[PDB]
There are 2 protein chains.
Amino acid sequence: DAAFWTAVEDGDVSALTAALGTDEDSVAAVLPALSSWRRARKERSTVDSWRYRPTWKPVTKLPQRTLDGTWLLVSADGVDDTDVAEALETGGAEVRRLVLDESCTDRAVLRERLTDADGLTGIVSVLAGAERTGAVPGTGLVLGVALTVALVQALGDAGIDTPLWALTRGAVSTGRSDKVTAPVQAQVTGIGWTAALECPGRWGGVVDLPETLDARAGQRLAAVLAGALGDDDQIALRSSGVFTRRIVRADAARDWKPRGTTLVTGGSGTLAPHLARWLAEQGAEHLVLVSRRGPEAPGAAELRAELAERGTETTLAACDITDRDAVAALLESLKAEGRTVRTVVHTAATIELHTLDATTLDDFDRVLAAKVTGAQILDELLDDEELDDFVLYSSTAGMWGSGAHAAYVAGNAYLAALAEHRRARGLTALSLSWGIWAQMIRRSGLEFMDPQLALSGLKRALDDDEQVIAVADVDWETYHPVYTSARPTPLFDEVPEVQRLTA
Amino acid sequence: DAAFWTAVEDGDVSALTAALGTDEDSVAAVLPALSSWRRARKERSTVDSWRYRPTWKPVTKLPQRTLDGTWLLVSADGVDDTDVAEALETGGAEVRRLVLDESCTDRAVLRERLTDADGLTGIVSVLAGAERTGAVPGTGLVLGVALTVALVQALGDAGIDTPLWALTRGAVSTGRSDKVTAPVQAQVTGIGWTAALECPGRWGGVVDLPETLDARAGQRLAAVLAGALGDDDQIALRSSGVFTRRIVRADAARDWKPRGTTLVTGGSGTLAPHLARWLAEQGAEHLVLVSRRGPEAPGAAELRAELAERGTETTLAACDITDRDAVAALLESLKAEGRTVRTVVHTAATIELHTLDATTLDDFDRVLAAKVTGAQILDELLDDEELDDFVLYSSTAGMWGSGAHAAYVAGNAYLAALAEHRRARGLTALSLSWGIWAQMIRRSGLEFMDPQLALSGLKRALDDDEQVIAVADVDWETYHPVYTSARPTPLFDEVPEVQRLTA
Ligand SMILES: NC(=O)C1=CN([C@@H]2O[C@H](COP(=O)(O)OP(=O)(O)OC[C@H]3O[C@@H](n4cnc5c(N)ncnc54)[C@H](OP(=O)(O)O)[C@@H]3O)[C@@H](O)[C@H]2O)C=CC1
Ligand SMILES: NC(=O)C1=CN([C@@H]2O[C@H](COP(=O)(O)OP(=O)(O)OC[C@H]3O[C@@H](n4cnc5c(N)ncnc54)[C@H](OP(=O)(O)O)[C@@H]3O)[C@@H](O)[C@H]2O)C=CC1
């Protein structure tokens with residue numbers, strides 16, 4: 001068999017006409033079409049091993065357990081704690097409220113408030129409630145987001161090794177009819193995931209909270225906070241009970257074709273070229289590539305021409321997607337040609353590394369602002385009528401944590417949520433998590449992907465009206481052990497090849 | 001893939017010319033030859049899962065251990081015990097010699113000698129040394145063979161539950177240059193294997209002994225007898241150390257063609273017809289089918305004709321292979337045509353069931369005498385020059401034990417040994433262990449085989465100048481558990497599918 005297929009895989013051989021004994025003239029009559037059919041099969045089959053979804057697994061049996069000692073409950077602005085204070089009280093603990101203000105975004109200012117606060121038993125932050133937007137210049141950062149990075153920083157500054165937990169509400173979808181209601185808080189989740197990795201000694205976990213925290217949910221939360229679930233840190237809480245998160249392989253409904261005008265942000269970018277070629281191969285009649293540099297960008301003028309030869313008019317535009325009125329200018333402009341944007345693809349991003357201890361608000365802001373303010377602005381303006389697609393580029397760094405990627409994970413998890421939140425209200429949106437496209441890097445367990453195969457991923461996704469998926473080549477037998485080397489986790493236990501390993 | 005091959009497997013479809021897109025006229029031009037190539041592949045691949053060899057696994061680390069209490073050492077005629085008595089003495093035990101005589105072949109007569117012999121610690125029989133041939137009328141049974149069945153019978157009669165062990169010397173080949181020197185004793189092995197199954201409470205095991213039992217080998221034997229090896233009952237002892245037996249799958253060198261005259265015993269038989277057809281398909285120009293009935297046998301005259309149409313003169317002969325002078329008559333006869341017998345195939349057998357407690361010497365003799373005296377007689381007479389093949393038909397009931405098959409196992413294990421003994425002296429011989437050919441039976445874990453596939457087994461064997469192999473379809477996941485239900489054993493641990501199960 002391997003012999004047989006190898007022979008057809010390469011072609012230009014008679015090892016077959018031997019092994020089969022059918023003349024020879026009727027071999028190369030069939031050979032290419034068979035050689036094709038297995039090129040195709042080989043490529044569907046590999047791609048298949050690249051797709052993954054995050055999913056929520058019910059906890060069948062929640063070990064009964066209560067809280068002990070003292071717990072600091074960290075809020076801000078006008079974030080209500082009561083409902084959560086009550087659960088910790090009735091769950092057996094003594095509660096220290098620590099309210100914060102915008103000036104605490106400063107890690108020095110904040111550490112000054114952690115006096116009379118050692119030998120705590122646990123810490124609990126409901127800073128994700130602080131969704132307010134204009135309260136820390138000159139950043140565009142969300143209040144609670146900043147305070148969160150602050151809080152983590154101050155505690156490592158102060159040397160407080162007591163375990164920290166973050167609570168969101170409305171940032172996860174356990175599925176069913178569990179709408180995402182506050183995509184913003186998924187930023188904190190994002191940091192949470194990452195802090196798990198960076199400072200595993202003092203990170204508890206993160207918990208989405210149900211619309212209403214009743215008594216049972218109270219008790220449940222208290223048990224989770226206590227330590228009930230061991231190493232299981234990503235947790236949702238519903239009135240139906242408790243779920244922990246897993247990453248699963250996707251199971252191996254229509255067609256898809258680029259109509260009207262297609263917008264692509266991050267045009268000056270690295271991946272942008274592959275996508276634009278690809279889209280021109282799908283019959284794209286007009287591509288708008290947007291990017292601050294835009295026209296006068298290092299590959300801009302030649303790929304413009306390369307696409308103009310295949311029949312695709314591609315207008316380069318210079319615009320900053322962080323600019324409500326520039327983008328509004330451009331959008332309203334084309335509508336006056338008049339175009340119709342049927343598809344947006346949002347690759348606008350600046351990937352800068354940075355650790356949580358090191359980073360500053362301004363690094364954090366720099367990384368987020370393009371992806372994020374990008375999407376909200378696109379989300380505000382775009383017509384939402386007729387435009388049948390709205391694809392967001394994302395990363396596994398953001399379907400789960402990565403060391404030193406806190407902001408990018410924060411930004412990427414927001415994309416997914418904003419995607420889930422839009423679908424929730426009946427609007428189209430796909431957040432797709434790549435995946436590294438084509439050595440220091442490659443030993444981490446990640447493998448690089450062919451841009452075309454990788455775009456096969458995206459085709460399938462677009463055909464299937466997905467809302468969030470990953471497309472990535474992972475060698476789990478080296479990835480997993482790297483990943484867990486400090487902190488252990490069940491996040492990947494349901495990935496078959498990761499099971500074999502565990503045994 | 002399964003789709004793809006199914007389509008070609010059955011043929012007469014265009015699901016391919018679709019899935020491939022290569023016209024359609026050039027599909028059925030190739031389809032049959034491809035459809036053939038996978039018929040062939042499918043059949044090599046199944047057959048492959050049918051082949052097995054017995055093999056001997058070195059015991060790396062022999063738990064140090066000695067013997068305790070009293071051991072009865074059972075001999076006969078002029079079988080020397082000393083060398084073995086000394087090992088039990090120096091190995092820490094008190095020794096009761098119990099010599100037997102031909103009249104003890106009677107289980108009543110024998111039980112009268114087991115008075116003053118309870119609360120023994122173990123029993124040891126070296127009855128396999130009694131290879132003498134004319135000492136129990138009217139049977140042709142080997143002395144020690146009969147005494148062995150006797151001994152087992154008397155002990156269950158007497159209710160003595162102390163564990164029994166049988167020693168042979170020269171009946172196994174650990175491989176290397178380990179010649180088989182006394183094929184006869186493998187009969188006792190054969191019973192031994194079976195008694196393991198029938199009365200597992202009082203059976204110890206069986207041990208081949210090295211040419212010379214020195215002190216180290218003494219110590220080793222004493223440890224084996226003590227209980228060192230636990231559940232491991234088939235054991236060889238060499239100066240290099242101790243081996244236990246395993247059944248392994250064979251690994252998936254020339255060609256083979258039936259020349260001159262081919263002799264087939266068991267001609268009137270069930271399998272004989274398939275073989276004769278098969279041999280006529282290999283270009284056999286003359287088949288001698290021998291069998292007491294011979295000419296006037298239930299299918300004889302028509303298969304004779306059926307083979308005469310394909311060009312193969314097949315002479316039916318009436319002869320009893322238990323008759324040194326009849327067989328000599330017939331052999332010498334044909335040489336006077338003159339023929340030359342190039343190939344013998346020895347299927348002459350009477351498969352009657354019978355338990356060890358129930359059986360009588362005469363049942364035991366009936367079953368053996370055809371297979372066995374058959375082969376010795378063939379072995380004595382045949383020219384051994386020019387005749388390039390000498391195939392013996394055997395059974396897994398005889399590559400290992402079966403309940404109630406003691407005699408057939410005894411006879412089948414002798415075939416293998418006589419095969420190994422002939423090769424040892426540079427004579428050709430193949431003992432092939434089938435395998436059931438095509439429901440009460442089939443639930444045991446055995447599956448029936450196509451006569452043609454099954455003969456593919458034999459082809460490969462004959463091409464490869466094998467000396468002993470099995471060809472059998474076994475469902476191990478039901479066979480193994482049936483097999484071990486009373487008595488546990490490692491005999492099959494090295495068969496991959498039996499490992500999975502154990503876990
Ligand atoms: N490359 C890879 O292998 C991987 C990529 N990804 C994801 O895929 C996407 C593409 O990555 P890649 O192309 O490598 O990233 P790049 O950094 O190459 O692309 C960023 C593009 O966005 C533009 N951009 C930056 N800031 C702004 C702004 N304020 N307004 C408008 N445009 C801006 C930049 O153009 P300009 O500077 O001209 O404005 C640049 O061309 C990313 O969003 C990333 O999350 C995920 C995993 C791996
Ligand atoms: N059938 C199966 O599925 C299996 C077969 N086997 C092995 O394959 C072989 C063939 O089995 P099968 O054909 O079923 O057995 P059969 O009982 O059908 O064949 C026995 C043949 O040998 C002849 N025979 C019996 N006694 C004597 C004698 N004293 N002299 C000459 N011939 C004698 C008989 O003919 P007549 O009475 O005319 O003399 C009979 O035709 C056997 O040796 C067996 O060990 C192993 C496992 C399964």
Side-chain angles (χ1 to χ4, degrees), chain A residues 71-88 95-114 117 122-155 164-172 180-195 203-213 221 225 236-237 356 359-365 367-369 371-373 375-376 406-407 409-411 413-415 417-418 421:
Chain A
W71 282 68
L72 189 51
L73 162 70
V74 185
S75 67
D77 274 6
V79 174
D80 184 312
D81 331 42
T82 65
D83 101 327
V84 186
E86 192 173 28
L88 314 186
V95 197
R96 289 174 169 168
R97 285 231 243 265
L98 164 49
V99 195
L100 303 193
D101 57 27
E102 16 199 309
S103 54
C104 310
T105 40
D106 193 352
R107 65 196 276 177
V109 169
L110 196 155
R111 178 184 195 179
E112 287 152 20
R113 303 218 198 184
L114 310 182
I123 320 182
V124 165
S125 159
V126 67
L127 296 168
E131 291 177 43
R132 223 218 312 171
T133 207
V136 54
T139 83
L141 290 179
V142 184
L143 190 15
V145 162
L147 286 168
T148 299
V149 189
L151 176 68
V152 187
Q153 269 163 359
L155 302 162
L164 170 61
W165 288 90
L167 306 195
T168 65
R169 181 185 306 250
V172 169
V180 159
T181 67
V184 55
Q185 320 200 8
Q187 289 185 67
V188 179
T189 303
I191 297 141
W193 296 343
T194 304
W203 178 259
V206 49
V207 196
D208 202 54
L209 278 312
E211 284 195 50
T212 307
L213 192 61
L221 158 61
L225 301 184
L237 186 23
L356 278 170
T359 187
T360 68
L361 299 187
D362 290 26
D363 314 329
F364 218 83
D365 189 15
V367 175
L368 285 169
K371 311 216 77 106
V372 174
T373 36
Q376 303 150 356
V409 175
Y414 175 82
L415 291 202
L418 166 69
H421 176 58

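So that the names make sense, note that chain A is the first sequence line, chain B the second, and so on, each numbered from 1. No hydrogens, no waters, no symmetry mates; every other heavy atom, side chains included, goes into these values.
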A:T133: side chain to side chain contact (heavy atoms under 4.5 Å, CB included) partners, not counting sequence neighbours:
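Listed in chain order: nothing, the list is empty.
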
Applying side chain to side chain contact (heavy atoms under 4.5 Å, CB included) to A:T194 and not counting sequence neighbours gives A:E198, A:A406, A:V409

Using a strict threshold of under 4.0 Å (side-chain N to carboxylate O), is an ion pair present between A:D77 and A:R132?
yes

Show the nearest heavy-atom pair for residues [X] and [Y], with the distance to one decimal.
| X | Y | result |
| --- | --- | --- |
| A:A375 | A:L418 | CB-CD2, 3.7 Å |
| A:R169 | A:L209 | CG-O, 3.5 Å |
| A:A128 | A:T168 | CB-CG2, 4.1 Å |

To the nearest 0.5 angstrom, please state how far the [atom1] atom of [X] sits from the [atom2] atom of [Y].
| X | Y | atom1 | atom2 | result |
| --- | --- | --- | --- | --- |
| A:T189 | A:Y414 | OG1 | OH | 13.0 Å |
| A:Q185 | A:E131 | CD | CD | 4.5 Å |
| A:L100 | A:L151 | CG | CG | 7.0 Å |
| A:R97 | A:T82 | CZ | OG1 | 7.0 Å |
| A:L143 | A:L127 | CG | CG | 8.5 Å |

From the options A:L98, A:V74, A:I123, select the one residue that forms a side-chain contact (heavy atoms from CB on, under 4.5 Å) with A:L114.
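When A:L98, A:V74, A:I123 are each tested with A:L114, the side-chain contact (heavy atoms from CB on, under 4.5 Å) holds only for A:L98.
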
Carefully, step by step, assess A:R111 and A:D106 under the rule salt bridge (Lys or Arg N to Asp or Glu O under 4.0 Å).
CA-CA 9 Å; A:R111 178 184 195 179; A:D106 193 352; over 6 Å; no

Judged by modelled atom types alone, do A:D362 and A:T360 share a side-chain donor-acceptor pair under 3.5 Å?
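The criterion, which ignores hydrogens and geometry beyond distance, is not satisfied for A:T360 and A:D362.
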
